[PDB]
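**Student:**
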Amino acid sequence: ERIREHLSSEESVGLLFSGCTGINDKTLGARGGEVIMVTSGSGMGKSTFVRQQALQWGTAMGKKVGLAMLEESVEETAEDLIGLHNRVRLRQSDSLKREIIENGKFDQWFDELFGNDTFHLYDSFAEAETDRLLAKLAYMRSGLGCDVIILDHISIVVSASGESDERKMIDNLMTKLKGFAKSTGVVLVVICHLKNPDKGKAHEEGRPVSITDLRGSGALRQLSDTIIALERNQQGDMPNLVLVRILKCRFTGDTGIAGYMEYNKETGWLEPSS
Amino acid sequence: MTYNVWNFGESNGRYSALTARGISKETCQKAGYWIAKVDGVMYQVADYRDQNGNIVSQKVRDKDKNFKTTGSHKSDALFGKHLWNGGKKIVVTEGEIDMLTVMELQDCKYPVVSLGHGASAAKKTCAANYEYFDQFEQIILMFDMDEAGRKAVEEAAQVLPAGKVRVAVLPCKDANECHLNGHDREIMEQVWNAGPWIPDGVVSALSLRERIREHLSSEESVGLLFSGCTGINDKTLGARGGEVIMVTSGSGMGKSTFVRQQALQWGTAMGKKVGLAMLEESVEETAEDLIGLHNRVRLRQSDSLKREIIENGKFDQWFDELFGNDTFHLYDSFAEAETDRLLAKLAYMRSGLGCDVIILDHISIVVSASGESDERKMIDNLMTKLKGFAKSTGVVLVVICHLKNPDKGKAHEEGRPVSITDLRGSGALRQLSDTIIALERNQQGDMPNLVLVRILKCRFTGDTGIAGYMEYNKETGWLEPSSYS
Amino acid sequence: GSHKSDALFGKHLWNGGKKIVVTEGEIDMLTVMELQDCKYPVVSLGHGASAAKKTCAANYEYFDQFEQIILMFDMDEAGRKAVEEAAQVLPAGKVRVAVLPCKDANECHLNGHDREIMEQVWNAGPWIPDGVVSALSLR
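Chains as they are written, first to last, in the UniProt record's numbering: chain A, 273 to 546; chain B, 64 to 548; chain C, 134 to 272.
#1: Per the contact definition of three or more C-beta pairs closer than 8 angstroms, is the region 234-241 of chain B in contact with the region 200-219 of chain B?
#2: According to DSSP, simplified to helix, strand and coil, what is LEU492 of chain B?
#3: What distance in whole Å lies between the Cβ atoms of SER545 of chain B and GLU534 of chain B, which are believed to be in contact at a cut-off of 8 angstroms?
#4: Please go through the region 169-257 of chain C and give each complete alpha helix (DSSP H) segment of 4 or more residues, from N-terminal end onward.
#5: Span of the alpha helix (DSSP H) holding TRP329 of chain B?
#6: Rounding to the nearest angstrom, what Cα-Cα distance links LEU178 of chain B and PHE142 of chain B in this structure?
#7: At which residue ranges does the region 396-465 of chain A contain complete beta strand (DSSP E) runs of 3 or more residues, listed in the order of the chain?
#8: Applying a beta-carbon distance threshold of less than 8 angstroms, which residues of chain B neighbour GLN364 of chain A?
#9: Give me the subset of the region 239-258 of chain B whose CB atoms are less than 7 angstroms from a CB atom of chain C, sorted by chain position.
#10: State the beta-bridge partners of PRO544 of chain B as determined by DSSP.
#11: Would you please state the rounded distance, in angstroms, between the beta carbons of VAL123 of chain B and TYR106 of chain B? I believe it to be under 8 angstroms.
#12: If we define contact as Cβ-Cβ less than 8 angstroms, is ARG229 of chain C a contact residue for chain B?
#13: State yes or no: is the C-beta of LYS144 of chain C within less than 8 angstroms of the C-beta of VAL176 of chain C?
#14: Mind pulling the chain A residues with CB within less than 8 angstroms of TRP260 of chain B?
#15: Tell me which same chain residues have a C-beta within less than 8 angstroms of the C-beta of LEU233 of chain C, skipping the five on either side of it?
#16: DSSP three-state call for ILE483 of chain A: helix, strand or coil?
#17: Between the region 440-460 of chain A and chain B, which residues of the former have a C-beta closer than 9 angstroms to a C-beta of the latter?
#18: Starting from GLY212 of chain B, find everything on chain A with Cβ-Cβ shorter than 9 angstroms and list it in chain order.
#19: Under 8 angstroms between the Cβ atoms of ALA530 of chain B and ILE295 of chain B?
#20: For chain C, is any of its Cβ atoms less than 8 angstroms away from the one on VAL232 of chain B?
#21: Taking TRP381 of chain A as part of the beta strand (DSSP E), name the residues at either end of that continuous run.
#22: Where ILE98 of chain B and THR90 of chain B are concerned, what is the direct C-alpha to C-alpha distance, given to the nearest angstrom?
#23: Contact check, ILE202 of chain B vs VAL266 of chain B under 8 angstroms by CB: the rounded distance?
#24: Would you say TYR193 of chain C lies against chain B (beta-carbon separation less than 8 angstroms)?
#25: Does DSSP classify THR498 of chain A as helix, strand or coil?
#26: For a test of the three-state rule: what should DSSP assign to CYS521 of chain A, helix, strand or coil?
#27: Report, in whole angstroms, the separation of the C-beta atoms of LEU223 of chain C and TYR193 of chain C, which I expect to be a contact under 8 angstroms.
#28: Along the alpha helix (DSSP H) that carries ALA80 of chain B, what are the first and last residues, could you check?
#29: For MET316 of chain A, count the other beta carbons within 10 Å of its own beta carbon; 16 or more makes it buried, fewer makes it exposed. Which is it?
#30: What residues from chain C crowd round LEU393 of chain B, counting only those whose CB sits closer than 8 angstroms?
#31: For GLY528 of chain B, count neighbouring C-beta atoms within 10 Å of its own C-beta (all shown protein chains included) and say buried if the count is 16 or more, exposed if not.
#32: On the criterion of 16 or more Cβ atoms from any shown chain inside 10 Å, does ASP470 of chain A qualify as buried, or is it exposed?
#33: Give me the chain B residues within the contact set of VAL346 of chain A, using Cβ-Cβ distance strictly less than 7 angstroms, ordered along the chain.
#34: Looking only at its chain, what residues have a beta carbon closer than 7 angstroms to the beta carbon of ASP352 of chain B, apart from the 5 residues adjacent to it on each side?
#35: Please tell me whether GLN324 of chain B has its Cβ less than 8 angstroms away from any Cβ of chain A.
#36: Looking only at its chain, what residues have a beta carbon closer than 6 angstroms to the beta carbon of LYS187 of chain B, apart from the 5 residues adjacent to it on each side?
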């Protein structure tokens, strides 16, 4: 009976990765209980890729998405979603900001987006303790009833914290996040950064990213079920061209390069091909 | 269905002292808190008057601490609201007895208010009273010190005027529990020392739309404009408050000269209060550069002219012309500052002196917690604290770092575009910093004064690459914009 | 008796006013009152220069009755630290630091410099260390 109930409801194709495909061809979406790992270099598209998925899922397939943008205030993150939804770089314009305010178009777009109460976020920025996030991440999942939790940046370093080498902190945290993800069945999307090789041209100038290039003592390479990686050469002749590489997919096992995408400097989207 | 307003001269009313609470008669009389003797019982009535004195609602309790409401107890119910027309700080308690505690200790001379519908409607009550609470510079959220109390604090800070939120943490249950115990010493300092921080950490389901509108109106997206070369503005749209600008180049190529132009430019044309942290030079030397830079000259190479124009009356002229607006602030030590012997001072500018831009030249002078192997963590640890400070205050922070020595081919001074990997420190600064400006020039080429500007990162826009070019005017010491391709 | 941390020598003499002088030693508090004919608010610190932060913090409510708080501490290495640790827990906008040509207030009086003491009660605010000196005062 539980498998019948499982097979009938389980969003196994639930919330397919938008912006590009081949990712769907190699991962078949994001299952509930899996931990999706998104990574790239600094300023390449970790936040932007994940931000499209959070927007898309909570609109087209309408899901209660939980956000944890620990590096930016919620008004800034909402600011992106509003512009991203309306295909504009609203953050990148004083005219567009002044426009929608004075002519009352701001309220218009906002109700069109958040009007479902499908978007829930985390607001603090000032140091989130490990079990002072998991409680709130669960509060979304459980109290607010979210289907997807989005955790930007898996660090919160700063603190000493009394235990040398935070290589265990990232490991200890990832396990509980996988636990939380599975015991509730919530799709868990987390963003991590990449180590510094300093051993040739690196990341921002190209270079494929392997699982070893992942920050931390690769525990995230174990607990996570699927690993999405973005690669682009911001000094190349197409700095907006970004390559998607699957480093892991516990569900399928089909790895390799999925497809390509192009950063539309007008809409702020990652349109597939061009 | 709601009760009728009790009358003071019709229900055995008297203004007695709450001896078992620690509140005297004089205090009860001023807040409008009296005791009624109806049916032989002993009820305590809290008069929630409006801006006129007319009782609107009342909150009546007896021996067993049961609640009974009379009148029109609307969502904006604030016990003591009628006593204060505004000011500097306002204390927001949970219960009326706690509101009676602060006034007793402050001799009923300072604004203190209580919540109408307990800790539950804290969010709604504070939301209903946004217009009123914004007449004060600070809002002292001293709720109960329990599980439910901290959630009420959480739901309060969400719908309160941004930047004015402050939370009190008492060694006991509530304000009254401290008073009757010992701790009259522990309450008041936290009324004047409570932490000015954020809600943390749910804060979901929009509810901030209008505040984002309020936000978008006050902090622009073309925050400031880097002068010296257009194109930097095209790819970064300036430097917002709360961002971290990262400026770097080779040694003696114009890290200091480039940044100093922006500090000068911003503090003159756009009259912003610029804070300087020139760790590798006395305050007089950085001022010396600024003085010459403002007057399009170099007061470091013309040596006869230095002694001349100063002792003649052209120094005092330029000095008042430049620093007279009281905008420029610098750091004076050179005696190896400690990390939390800089951030304290850097915050003092931003906060005490009120600066808009803080400039930290050279971020490799750590000098902090000696004994830990590799300063690779110190630079990372510092950047985290700098980013926190930068965003939590909304200050523009421009920091200068240096570049690792590659020794793998011709390096930096001979050209060589500097990538993000070439950045000094275990690239944590490539993460915490939002915008990264890099200067490149071949000081052994046909165009040494020609400098290439390269954006290595801009979390705001995401538009990277080569901006434009500039030329070092040896006469003016400026970075004039060039026409090169 | 009970030397609580809010010990302020002379606190019982004033109920607010325009300005109040906060010395370190009671003897220095006796100097300022001597020059002012005991007509203007002058107080001393209970626990010396060490608990300067705690004593001033304990009397923030009291010191907040005045428009200005004249920190006339000693003029040594420890004295300047006491100025630093007091001014942190004092009302921002009511500080001011006294700089004497001698050791303390009494050392000036016994020498010549009554001409340096009272006048130096009128001098701005900043506060606290390292400057930062808003350029203008670096001329």
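Where a beta carbon is used, it is the ideal one built from N, C-alpha and C, also for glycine.
**Tutor:** Reading off the structure:
#1: Result yes; three or more Cβ-Cβ pairs closer than 8 angstroms.
#2: Looking at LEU492 of chain B - three-state DSSP - the assignment turns out to be helix.
#3: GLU534 of chain B to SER545 of chain B, Cβ: 5 angstroms. Contact.
#4: Listed in chain order, the complete alpha helix (DSSP H) runs (minimum 4 residues) inside the region 169-257 of chain C are 185-191, 193-196, 210-220, 238-242.
#5: Segment 318-331, the alpha helix (DSSP H) holding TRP329 of chain B.
#6: Each residue's Cα considered, the two are about 7 angstroms apart.
#7: You should have 420-424, 459-464.
#8: The answer, in chain order, is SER284, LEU300, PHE523, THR524.
#9: Correct list: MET251, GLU252, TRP255.
#10: B:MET533, per the DSSP bridge assignment.
#11: Yes, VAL123 of chain B and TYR106 of chain B are in contact; Cβ-Cβ is about 5 angstroms, under 8 angstroms.
#12: Not one chain B Cβ lies under 8 angstroms of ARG229 of chain C.
#13: Going by C-beta atoms, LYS144 of chain C is nearer than 8 angstroms to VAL176 of chain C.
#14: Going along chain A in sequence order, the residues near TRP260 of chain B (Cβ under 8 angstroms) are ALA398.
#15: Cβ within range, chain order: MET205, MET208, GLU240, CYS241, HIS246, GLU249, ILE250, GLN253.
#16: Secondary structure of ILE483 of chain A (DSSP, three-state): helix.
#17: For the region 440-460 of chain A, no residue has a beta-carbon sitting nearer than 9 angstroms to a beta-carbon of chain B.
#18: Correct list: empty, because the minimum Cβ distance to chain A is about 17 angstroms.
#19: Yes, Cβ-Cβ distance for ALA530 of chain B and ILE295 of chain B is below 8 angstroms.
#20: Contact of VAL232 of chain B with chain C is not assigned, every C-beta pair being separated by 8 angstroms or more.
#21: According to the DSSP assignment, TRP381 of chain A belongs to no beta strand (DSSP E) but to the alpha helix (DSSP H) extending over 377-386.
#22: When rounded, the separation of the alpha-carbon atoms in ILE98 of chain B and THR90 of chain B is 13 angstroms.
#23: Wrong, their Cβ atoms sit about 17 angstroms apart, outside the cutoff.
#24: Contacts with chain B at 8 angstroms (Cβ-Cβ) include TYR193 of chain C.
#25: Three-state result, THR498 of chain A: strand.
#26: If DSSP states are grouped into helix, strand and coil, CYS521 of chain A belongs with the strands.
#27: The Cβ separation is near 7 angstroms, so the contact holds.
#28: Segment: none, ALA80 of chain B is in no alpha helix (DSSP H) and carries neither H nor E.
#29: When all chains shown are included, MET316 of chain A counts as buried.
#30: Neighbours of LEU393 of chain B on chain C, chain order: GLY264, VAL265, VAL266, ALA268, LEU271.
#31: With fewer than 16 other CB atoms across the displayed protein chains lying within 10 angstroms of its CB, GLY528 of chain B is exposed.
#32: Exposed.
#33: The answer, in chain order, is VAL266, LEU271.
#34: Same-chain partners within the cutoff: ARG323.
#35: Closer than 8 angstroms: no.
#36: For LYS187 of chain B, where only same-chain residues beyond five positions count, the Cβ hits under 6 angstroms are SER138.
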